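**Student:** Got a structure for you, coords06.txt, holding compact mmCIF, C-alpha atoms and all ligand atoms.
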```txt
# COMPACT_ATOMS: atom_id res chain seq x y z
CA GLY R 1 -1.87 132.43 -34.55
CA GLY R 2 -2.56 131.14 -31.06
CA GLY R 3 -2.02 127.42 -30.73
CA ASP R 4 0.01 126.97 -33.93
CA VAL R 5 3.35 126.34 -32.20
CA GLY R 6 2.05 123.86 -29.65
CA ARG R 7 -0.16 122.02 -32.15
CA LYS R 8 2.73 121.61 -34.59
CA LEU R 9 4.70 119.94 -31.79
CA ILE R 10 1.99 117.74 -30.28
CA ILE R 11 -0.41 117.09 -33.17
CA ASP R 12 1.88 117.10 -36.18
CA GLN R 13 5.17 115.88 -34.71
CA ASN R 14 3.73 113.73 -31.90
CA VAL R 15 6.19 115.24 -29.40
CA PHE R 16 4.16 114.31 -26.31
CA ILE R 17 4.56 110.63 -27.19
CA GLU R 18 7.97 110.62 -28.87
CA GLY R 19 9.69 113.08 -26.51
CA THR R 20 7.75 114.13 -23.44
CA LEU R 21 6.73 110.61 -22.43
CA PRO R 22 10.43 109.58 -22.16
CA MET R 23 11.05 112.83 -20.25
CA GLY R 24 8.60 111.49 -17.66
CA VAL R 25 10.40 108.18 -16.97
CA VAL R 26 13.79 107.88 -15.25
CA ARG R 27 14.60 104.49 -16.80
CA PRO R 28 14.58 103.97 -20.59
CA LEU R 29 11.25 102.72 -21.92
CA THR R 30 11.66 99.71 -24.19
CA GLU R 31 10.54 99.73 -27.81
CA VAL R 32 7.65 97.42 -26.89
CA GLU R 33 6.53 99.85 -24.18
CA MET R 34 6.83 102.82 -26.54
CA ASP R 35 4.68 100.98 -29.08
CA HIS R 36 1.96 100.35 -26.47
CA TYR R 37 1.95 104.08 -25.66
CA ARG R 38 2.00 105.02 -29.38
CA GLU R 39 -0.87 102.77 -30.42
CA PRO R 40 -3.84 105.13 -29.71
CA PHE R 41 -2.21 108.04 -31.51
CA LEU R 42 -0.96 106.69 -34.85
CA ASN R 43 -3.35 109.06 -36.63
CA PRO R 44 -2.49 112.75 -36.00
CA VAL R 45 -6.13 113.86 -35.75
CA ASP R 46 -6.51 111.57 -32.75
CA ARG R 47 -3.89 113.57 -30.82
CA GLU R 48 -6.27 116.32 -29.64
CA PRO R 49 -6.33 115.14 -25.98
CA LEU R 50 -2.53 115.17 -25.88
CA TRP R 51 -2.52 118.87 -26.80
CA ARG R 52 -5.55 120.08 -24.87
CA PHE R 53 -4.31 118.58 -21.60
CA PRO R 54 -1.12 120.70 -21.25
CA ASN R 55 -3.25 123.71 -22.25
CA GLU R 56 -5.53 122.91 -19.29
CA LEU R 57 -2.73 122.70 -16.72
CA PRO R 58 -3.20 125.32 -13.95
CA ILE R 59 -0.02 127.34 -14.47
CA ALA R 60 0.42 131.02 -13.64
CA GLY R 61 -3.30 131.40 -13.00
CA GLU R 62 -4.58 130.10 -16.33
CA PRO R 63 -6.95 128.70 -17.34
CA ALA R 64 -8.73 130.37 -14.42
CA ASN R 65 -11.56 127.83 -14.36
CA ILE R 66 -9.13 124.91 -13.90
CA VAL R 67 -7.15 126.82 -11.27
CA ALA R 68 -10.35 127.34 -9.27
CA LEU R 69 -11.47 123.71 -9.63
CA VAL R 70 -8.06 122.43 -8.51
CA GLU R 71 -7.89 124.86 -5.59
CA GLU R 72 -11.33 123.61 -4.54
CA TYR R 73 -10.36 119.93 -4.53
CA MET R 74 -7.09 120.68 -2.74
CA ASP R 75 -9.01 122.51 -0.05
CA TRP R 76 -11.34 119.50 0.12
CA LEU R 77 -8.38 117.15 0.47
CA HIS R 78 -6.92 119.23 3.31
CA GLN R 79 -10.22 119.04 5.25
CA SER R 80 -10.96 115.37 4.60
CA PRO R 81 -10.17 112.60 7.09
CA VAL R 82 -10.07 110.02 4.28
CA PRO R 83 -7.01 107.71 4.32
CA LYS R 84 -4.35 109.01 1.94
CA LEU R 85 -1.24 107.40 0.44
CA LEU R 86 1.13 109.74 -1.44
CA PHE R 87 3.93 108.38 -3.63
CA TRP R 88 6.70 110.71 -4.73
CA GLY R 89 10.10 110.59 -6.39
CA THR R 90 13.14 112.77 -6.98
CA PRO R 91 13.07 115.21 -8.74
CA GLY R 92 9.47 114.69 -9.80
CA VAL R 93 7.74 116.84 -12.42
CA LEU R 94 4.34 117.98 -11.11
CA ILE R 95 5.33 117.46 -7.45
CA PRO R 96 8.81 118.45 -6.19
CA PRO R 97 10.06 116.54 -3.14
CA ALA R 98 9.63 119.53 -0.81
CA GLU R 99 5.96 119.80 -1.82
CA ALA R 100 5.38 116.08 -1.36
CA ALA R 101 6.91 116.28 2.10
CA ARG R 102 4.87 119.32 3.07
CA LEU R 103 1.62 117.75 1.89
CA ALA R 104 2.45 114.54 3.75
CA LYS R 105 2.54 116.65 6.92
CA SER R 106 -0.41 118.95 6.20
CA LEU R 107 -2.98 116.57 4.69
CA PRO R 108 -4.92 114.61 7.33
CA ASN R 109 -4.32 110.88 7.62
CA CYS R 110 -1.59 110.76 4.97
CA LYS R 111 1.28 108.30 4.58
CA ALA R 112 3.99 109.21 2.09
CA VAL R 113 6.29 106.80 0.26
CA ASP R 114 9.55 107.71 -1.49
CA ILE R 115 9.91 105.62 -4.64
CA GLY R 116 13.48 106.75 -5.32
CA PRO R 117 14.40 108.51 -8.57
CA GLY R 118 11.25 109.49 -10.42
CA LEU R 119 9.87 112.06 -12.84
CA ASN R 120 6.18 111.81 -13.82
CA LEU R 121 5.34 108.14 -14.57
CA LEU R 122 6.41 106.85 -11.16
CA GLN R 123 4.65 103.57 -11.96
CA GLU R 124 7.28 102.88 -14.62
CA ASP R 125 10.23 103.44 -12.27
CA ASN R 126 9.11 101.56 -9.14
CA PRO R 127 5.95 99.51 -9.80
CA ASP R 128 6.76 96.91 -7.19
CA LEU R 129 7.01 99.40 -4.34
CA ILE R 130 3.92 101.28 -5.46
CA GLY R 131 1.88 98.12 -5.94
CA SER R 132 3.05 96.38 -2.79
CA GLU R 133 2.48 99.49 -0.67
CA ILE R 134 -1.01 100.00 -2.11
CA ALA R 135 -1.83 96.37 -1.32
CA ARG R 136 -0.60 96.72 2.27
CA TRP R 137 -2.47 100.00 2.73
CA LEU R 138 -5.72 98.53 1.37
CA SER R 139 -5.46 95.79 3.96
CA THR R 140 -5.68 98.55 6.67
CA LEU R 141 -8.79 100.32 5.32
CA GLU R 142 -12.26 99.90 6.83
CA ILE R 143 -13.80 98.54 3.62
CA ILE R 159 9.37 95.28 -15.32
CA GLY R 160 6.66 93.67 -17.44
CA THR R 161 5.91 94.99 -20.91
CA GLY R 162 2.80 92.96 -21.67
CA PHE R 163 -0.83 93.85 -21.07
CA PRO R 164 -2.39 90.46 -20.28
CA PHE R 165 -5.86 91.64 -19.37
CA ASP R 166 -9.20 90.56 -20.74
CA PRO R 167 -10.83 93.48 -22.57
CA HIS R 168 -13.89 95.15 -21.13
CA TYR R 169 -16.01 97.76 -22.82
CA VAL R 170 -18.99 99.79 -21.64
CA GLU R 171 -21.22 102.29 -23.42
CA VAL R 172 -20.91 105.71 -21.78
CA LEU R 173 -23.00 108.61 -23.10
CA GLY R 174 -23.15 106.82 -26.44
CA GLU R 175 -19.38 106.20 -26.67
CA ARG R 176 -17.58 102.95 -26.00
CA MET R 177 -14.98 103.06 -23.21
CA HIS R 178 -12.35 100.40 -22.60
CA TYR R 179 -11.25 99.31 -19.15
CA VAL R 180 -9.39 96.65 -17.23
CA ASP R 181 -11.59 94.81 -14.71
CA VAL R 182 -9.91 92.04 -12.72
CA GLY R 183 -10.30 90.58 -9.26
CA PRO R 184 -13.25 89.64 -7.08
CA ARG R 185 -16.73 91.22 -7.21
CA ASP R 186 -17.54 90.86 -3.51
CA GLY R 187 -15.69 93.81 -2.00
CA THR R 188 -14.91 97.48 -2.44
CA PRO R 189 -13.32 98.11 -5.86
CA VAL R 190 -10.14 100.04 -6.55
CA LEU R 191 -10.44 102.55 -9.42
CA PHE R 192 -7.15 103.42 -11.17
CA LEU R 193 -7.13 106.69 -13.20
CA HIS R 194 -4.32 107.46 -15.66
CA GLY R 195 -3.39 110.85 -17.12
CA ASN R 196 -1.58 112.34 -20.11
CA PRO R 197 -0.30 110.76 -22.43
CA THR R 198 -0.89 107.31 -20.96
CA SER R 199 -3.73 104.76 -20.68
CA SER R 200 -4.57 101.87 -18.38
CA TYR R 201 -1.27 100.42 -19.66
CA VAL R 202 0.49 102.61 -17.05
CA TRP R 203 -1.12 100.49 -14.30
CA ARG R 204 -0.21 97.09 -15.78
CA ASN R 205 2.48 96.27 -13.19
CA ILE R 206 0.61 97.80 -10.25
CA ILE R 207 -2.72 95.94 -10.70
CA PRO R 208 -1.23 92.44 -10.13
CA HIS R 209 -0.27 93.40 -6.56
CA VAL R 210 -3.85 94.44 -5.79
CA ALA R 211 -6.03 92.04 -7.81
CA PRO R 212 -5.46 89.06 -5.43
CA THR R 213 -7.47 90.87 -2.72
CA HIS R 214 -9.46 93.65 -4.46
CA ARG R 215 -11.22 94.31 -7.75
CA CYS R 216 -9.13 96.59 -9.97
CA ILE R 217 -10.92 98.81 -12.49
CA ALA R 218 -8.69 100.84 -14.84
CA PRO R 219 -10.49 102.80 -17.56
CA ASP R 220 -8.96 104.41 -20.61
CA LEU R 221 -10.01 108.07 -20.62
CA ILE R 222 -12.25 109.14 -23.47
CA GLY R 223 -10.15 109.69 -26.59
CA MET R 224 -7.31 107.66 -25.11
CA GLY R 225 -6.15 104.07 -24.97
CA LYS R 226 -8.71 101.73 -26.51
CA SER R 227 -11.66 104.02 -25.72
CA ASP R 228 -13.63 105.67 -28.51
CA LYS R 229 -12.49 108.96 -30.07
CA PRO R 230 -15.49 111.30 -30.37
CA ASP R 231 -15.13 114.75 -31.89
CA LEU R 232 -14.62 116.70 -28.66
CA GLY R 233 -12.27 119.45 -27.62
CA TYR R 234 -11.03 117.11 -24.86
CA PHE R 235 -11.20 119.83 -22.24
CA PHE R 236 -11.13 118.70 -18.63
CA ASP R 237 -14.93 119.18 -18.65
CA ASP R 238 -15.19 116.41 -21.26
CA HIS R 239 -13.12 114.03 -19.15
CA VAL R 240 -15.15 114.85 -16.04
CA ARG R 241 -18.40 114.13 -17.85
CA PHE R 242 -17.25 110.82 -19.31
CA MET R 243 -15.56 109.58 -16.14
CA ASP R 244 -18.60 110.45 -14.00
CA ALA R 245 -20.74 108.49 -16.47
CA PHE R 246 -18.26 105.58 -16.62
CA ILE R 247 -18.45 105.18 -12.84
CA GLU R 248 -22.24 105.21 -12.94
CA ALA R 249 -22.36 102.79 -15.91
CA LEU R 250 -20.43 100.28 -13.79
CA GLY R 251 -22.87 100.81 -10.91
CA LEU R 252 -20.07 101.65 -8.52
CA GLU R 253 -21.06 102.70 -5.02
CA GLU R 254 -18.05 103.20 -2.73
CA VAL R 255 -14.52 102.99 -4.13
CA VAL R 256 -10.85 103.37 -3.32
CA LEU R 257 -9.08 105.70 -5.78
CA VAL R 258 -5.54 105.23 -7.18
CA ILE R 259 -4.81 108.28 -9.29
CA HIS R 260 -2.05 109.97 -11.28
CA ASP R 261 -1.49 113.13 -13.36
CA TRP R 262 -4.74 114.24 -15.04
CA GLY R 263 -6.36 111.15 -13.52
CA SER R 264 -5.70 112.73 -10.14
CA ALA R 265 -7.62 115.85 -11.12
CA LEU R 266 -10.50 113.57 -12.12
CA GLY R 267 -10.27 111.54 -8.93
CA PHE R 268 -9.95 114.44 -6.49
CA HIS R 269 -12.74 116.37 -8.22
CA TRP R 270 -14.98 113.29 -8.08
CA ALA R 271 -14.10 112.73 -4.40
CA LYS R 272 -14.98 116.35 -3.52
CA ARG R 273 -18.38 115.86 -5.16
CA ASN R 274 -18.95 112.33 -3.80
CA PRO R 275 -17.11 112.27 -0.47
CA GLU R 276 -19.21 109.53 1.13
CA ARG R 277 -18.22 107.18 -1.69
CA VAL R 278 -14.44 107.51 -1.34
CA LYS R 279 -12.84 105.17 1.21
CA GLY R 280 -9.19 105.94 0.43
CA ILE R 281 -7.04 107.83 -2.07
CA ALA R 282 -3.59 106.77 -3.24
CA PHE R 283 -2.06 109.44 -5.46
CA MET R 284 1.16 110.39 -7.18
CA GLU R 285 2.48 113.10 -9.49
CA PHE R 286 -0.84 114.87 -9.17
CA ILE R 287 -2.30 118.15 -10.40
CA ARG R 288 -2.03 121.15 -8.08
CA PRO R 289 -1.88 124.84 -9.01
CA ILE R 290 1.57 125.88 -10.26
CA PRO R 291 1.71 129.57 -9.30
CA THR R 292 4.55 130.62 -11.64
CA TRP R 293 6.63 129.10 -14.44
CA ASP R 294 9.57 129.09 -11.98
CA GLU R 295 7.75 126.27 -10.12
CA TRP R 296 7.76 124.13 -13.30
CA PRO R 297 11.04 122.16 -13.73
CA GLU R 298 13.61 123.89 -15.90
CA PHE R 299 14.28 120.79 -18.05
CA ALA R 300 10.58 120.87 -19.04
CA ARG R 301 9.86 124.61 -18.99
CA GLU R 302 10.52 125.63 -22.58
CA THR R 303 8.71 122.50 -23.76
CA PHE R 304 5.50 123.17 -21.80
CA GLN R 305 5.62 126.89 -22.61
CA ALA R 306 5.77 125.96 -26.32
CA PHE R 307 2.91 123.48 -25.90
CA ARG R 308 0.80 126.42 -24.63
CA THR R 309 1.80 128.78 -27.47
CL CL R 401 -0.44 117.48 -19.57
```
Have the structure of the file written as structure tokens, please.

**Tutor:**
Amino acid sequence: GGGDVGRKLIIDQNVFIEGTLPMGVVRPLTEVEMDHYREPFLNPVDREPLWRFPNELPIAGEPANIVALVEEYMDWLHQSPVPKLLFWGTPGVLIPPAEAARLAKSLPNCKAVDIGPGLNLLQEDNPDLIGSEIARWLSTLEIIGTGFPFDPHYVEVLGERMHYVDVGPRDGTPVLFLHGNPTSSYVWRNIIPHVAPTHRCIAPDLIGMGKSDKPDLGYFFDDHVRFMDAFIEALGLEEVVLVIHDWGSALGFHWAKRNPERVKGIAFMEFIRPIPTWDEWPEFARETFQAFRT
């Protein structure tokens, strides 16, 4: 029946972690890094978000509700004067170089930065360029390590505990870092130290991911929207700068569309846009993502 093939891969065999995660990094992840990425998902039942996410991707018009939501935030982004910083690599996964270049020209107030060879987790291939460029860009606004040496923070959100990194000073505009699938705040570990000297860095683990709680949800995008909206409010955030990636970019752009006065800049990379046909998905990943959605 529907879903059996993709669930066997992602839920039973843990393919998103053991296979697709390496497919998203140009360099080889170390065993220590793999173990940090594996930690939330040792129990197969906890792998639901890893499977629902690729089934939410807006590919070939489906699911229609996600396609519409993403089209809406992309239209918002095209009409917004907010400062934008777009990182891209070659060949990319979600964003081919030609699309990055086009968006750098068509989006208002947008600087683009080539990180060199990159797939999906650009932060793993060139953290020092991404971090240093974010830090320089923040200084203009009108506002590779394997460890995770951050003090834990936890906040109750709609009755569920969410984990986050929170470092840097409390007397400015904070920078909110949003990860995607199948990562956690760990993906930002080598970016945050470039920013923390000047700006507060807040990096939550999405519900069901990282060190956040694992409620019995379907882990649709709607669930992530609800929990991230409530996380932001539970921290009392007013205005923010966003640094977003992958499904975290869908969260960040959708939040910005709904809260435009509160977004003072967006840095983004390997982000969710509508993929009109399977031909626009990279061949090396096409049979994999088709199977995930079977
Ligand atoms: Cl995904």

**Student:** Quick one: residues within 9 Å of range 134-161 of chain R, all atoms listed in the file, excluding same-chain residues fewer than 6 positions away - as a PyMOL selection string?

**Tutor:** chain R and resi 30+32-33+36+83+85+124-128+187-188+204-206+209-211+213-214+254-256+258+279-280+282

**Student:** Near residue 77 in chain R, within 10 Å and counting all atoms listed in the file, which residues show up once chain neighbours fewer than 3 positions away are dropped, as a list in words?

**Tutor:** residues 71, 72, 73, 74, 80, 81, 82, 84, 106, 107, 108, 268, 269, 271, 272 and 281 of chain R

**Student:** Could you list, as a PyMOL selection string, all residues that come within 10 Å of ligand CL 401 (chain R)? Count only C-alpha atoms and all ligand atoms.

**Tutor:** chain R and resi 16+20+49-57+94+195-197+261-262+287+304+307

**Student:** Between CA of residue 181 in chain R and CA of residue 275 in chain R, what distance in Å does the model show, to one decimal?

**Tutor:** 23.2 Å

**Student:** Using CA of residue 208 in chain R and CA of residue 132 in chain R as the two end points, give the distance in Å to one decimal.

**Tutor:**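 We find that CA of residue 208 in chain R and CA of residue 132 in chain R lie 9.4 Å from each other.
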
**Student:** Residues at most 7 Å from residue 165 in chain R, counting only C-alpha atoms, excluding those fewer than 2 positions away in the same chain, as an mmCIF file with C-alpha atoms, in the frame of the given file?

**Tutor:**
```cif
data_model
loop_
_atom_site.group_PDB
_atom_site.id
_atom_site.type_symbol
_atom_site.label_atom_id
_atom_site.label_comp_id
_atom_site.auth_asym_id
_atom_site.auth_seq_id
_atom_site.Cartn_x
_atom_site.Cartn_y
_atom_site.Cartn_z
ATOM 1 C CA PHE R 163 -0.830 93.850 -21.070
ATOM 2 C CA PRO R 167 -10.830 93.480 -22.570
ATOM 3 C CA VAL R 180 -9.390 96.650 -17.230
#
```

**Student:** Mind giving me the straight-line distance from CA of residue 264 in chain R to CA of residue 191 in chain R in Å, one decimal?

**Tutor:**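 About the pair CA of residue 264 in chain R and CA of residue 191 in chain R: they are 11.3 Å apart.
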
**Student:** Would you pick out the contacts of residue 95 in chain R at 12 Å or less, using only C-alpha atoms, so that residues sharing its chain but fewer than 4 positions from it are not included, and give the list as an mmCIF file with C-alpha atoms, in the frame of the given file?

**Tutor:**
```cif
data_model
loop_
_atom_site.group_PDB
_atom_site.id
_atom_site.type_symbol
_atom_site.label_atom_id
_atom_site.label_comp_id
_atom_site.auth_asym_id
_atom_site.auth_seq_id
_atom_site.Cartn_x
_atom_site.Cartn_y
_atom_site.Cartn_z
ATOM 1 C CA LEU R 86 1.130 109.740 -1.440
ATOM 2 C CA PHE R 87 3.930 108.380 -3.630
ATOM 3 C CA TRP R 88 6.700 110.710 -4.730
ATOM 4 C CA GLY R 89 10.100 110.590 -6.390
ATOM 5 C CA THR R 90 13.140 112.770 -6.980
ATOM 6 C CA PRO R 91 13.070 115.210 -8.740
ATOM 7 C CA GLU R 99 5.960 119.800 -1.820
ATOM 8 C CA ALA R 100 5.380 116.080 -1.360
ATOM 9 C CA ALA R 101 6.910 116.280 2.100
ATOM 10 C CA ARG R 102 4.870 119.320 3.070
ATOM 11 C CA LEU R 103 1.620 117.750 1.890
ATOM 12 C CA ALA R 104 2.450 114.540 3.750
ATOM 13 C CA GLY R 118 11.250 109.490 -10.420
ATOM 14 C CA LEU R 119 9.870 112.060 -12.840
ATOM 15 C CA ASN R 120 6.180 111.810 -13.820
ATOM 16 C CA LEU R 121 5.340 108.140 -14.570
ATOM 17 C CA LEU R 122 6.410 106.850 -11.160
ATOM 18 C CA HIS R 260 -2.050 109.970 -11.280
ATOM 19 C CA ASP R 261 -1.490 113.130 -13.360
ATOM 20 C CA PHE R 283 -2.060 109.440 -5.460
ATOM 21 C CA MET R 284 1.160 110.390 -7.180
ATOM 22 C CA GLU R 285 2.480 113.100 -9.490
ATOM 23 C CA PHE R 286 -0.840 114.870 -9.170
ATOM 24 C CA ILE R 287 -2.300 118.150 -10.400
ATOM 25 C CA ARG R 288 -2.030 121.150 -8.080
ATOM 26 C CA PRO R 289 -1.880 124.840 -9.010
ATOM 27 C CA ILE R 290 1.570 125.880 -10.260
ATOM 28 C CA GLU R 295 7.750 126.270 -10.120
ATOM 29 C CA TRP R 296 7.760 124.130 -13.300
ATOM 30 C CA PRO R 297 11.040 122.160 -13.730
#
```

**Student:** Would you mind telling me which residue in R:43, R:227, R:292, R:309 lies nearest to residue 60 in chain R when using all atoms listed in the file?

**Tutor:** R:292

**Student:** Which one is closest to residue 70 in chain R: R:48, R:244, R:93, R:265? Count all atoms listed in the file.

**Tutor:** R:265

**Student:** What's the 9 Å shell around residue 46 in chain R, counting all atoms listed in the file, without same-chain residues fewer than 4 positions away, as a list in words?

**Tutor:**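 So the residues in contact are residues 11, 40, 41, 42, 50, 223, 224 and 229 of chain R.
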
**Student:** Provide range 68-114 of chain R of the preceding structure as a file containing C-alpha atoms, as a JSON list (two decimals), in the first residue's frame.

**Tutor:**
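Writing done, so here's decode_8.json:
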```json
[["chain", "number", "residue", "atom", "x", "y", "z"],
["R", 68, "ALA", "CA", 0.59, 27.02, -2.46],
["R", 69, "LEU", "CA", 2.21, 27.99, 0.86],
["R", 70, "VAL", "CA", 5.68, 27.99, -0.71],
["R", 71, "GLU", "CA", 4.53, 29.96, -3.75],
["R", 72, "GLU", "CA", 3.03, 32.51, -1.35],
["R", 73, "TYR", "CA", 6.23, 33.01, 0.64],
["R", 74, "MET", "CA", 8.31, 33.19, -2.53],
["R", 75, "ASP", "CA", 6.03, 35.90, -3.86],
["R", 76, "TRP", "CA", 6.42, 37.64, -0.49],
["R", 77, "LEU", "CA", 10.20, 37.38, -0.72],
["R", 78, "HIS", "CA", 10.20, 38.87, -4.23],
["R", 79, "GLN", "CA", 8.20, 41.91, -3.03],
["R", 80, "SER", "CA", 10.08, 42.48, 0.23],
["R", 81, "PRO", "CA", 12.85, 45.06, 0.62],
["R", 82, "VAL", "CA", 14.32, 43.12, 3.56],
["R", 83, "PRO", "CA", 18.10, 42.54, 3.39],
["R", 84, "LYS", "CA", 18.83, 39.08, 1.98],
["R", 85, "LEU", "CA", 21.98, 36.93, 1.94],
["R", 86, "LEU", "CA", 21.85, 33.80, -0.25],
["R", 87, "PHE", "CA", 24.52, 31.09, 0.03],
["R", 88, "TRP", "CA", 24.79, 28.50, -2.71],
["R", 89, "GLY", "CA", 27.12, 25.74, -3.88],
["R", 90, "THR", "CA", 27.75, 23.54, -6.89],
["R", 91, "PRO", "CA", 25.82, 21.42, -7.79],
["R", 92, "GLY", "CA", 23.43, 21.97, -4.89],
["R", 93, "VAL", "CA", 20.38, 19.79, -4.26],
["R", 94, "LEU", "CA", 17.33, 21.98, -3.65],
["R", 95, "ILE", "CA", 18.86, 24.99, -5.44],
["R", 96, "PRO", "CA", 20.87, 24.55, -8.67],
["R", 97, "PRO", "CA", 23.46, 27.25, -9.38],
["R", 98, "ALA", "CA", 21.42, 28.80, -12.21],
["R", 99, "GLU", "CA", 18.46, 29.23, -9.85],
["R", 100, "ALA", "CA", 20.62, 30.74, -7.13],
["R", 101, "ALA", "CA", 22.04, 33.20, -9.64],
["R", 102, "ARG", "CA", 18.63, 34.13, -10.99],
["R", 103, "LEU", "CA", 17.19, 34.69, -7.51],
["R", 104, "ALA", "CA", 20.21, 36.79, -6.57],
["R", 105, "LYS", "CA", 19.26, 39.09, -9.45],
["R", 106, "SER", "CA", 15.47, 39.03, -9.03],
["R", 107, "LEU", "CA", 15.03, 39.23, -5.26],
["R", 108, "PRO", "CA", 15.30, 42.79, -3.91],
["R", 109, "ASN", "CA", 18.31, 43.70, -1.79],
["R", 110, "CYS", "CA", 20.02, 40.32, -2.14],
["R", 111, "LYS", "CA", 23.72, 39.46, -1.92],
["R", 112, "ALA", "CA", 24.73, 35.98, -3.04],
["R", 113, "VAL", "CA", 27.80, 34.04, -1.91],
["R", 114, "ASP", "CA", 29.30, 31.01, -3.67]]
```
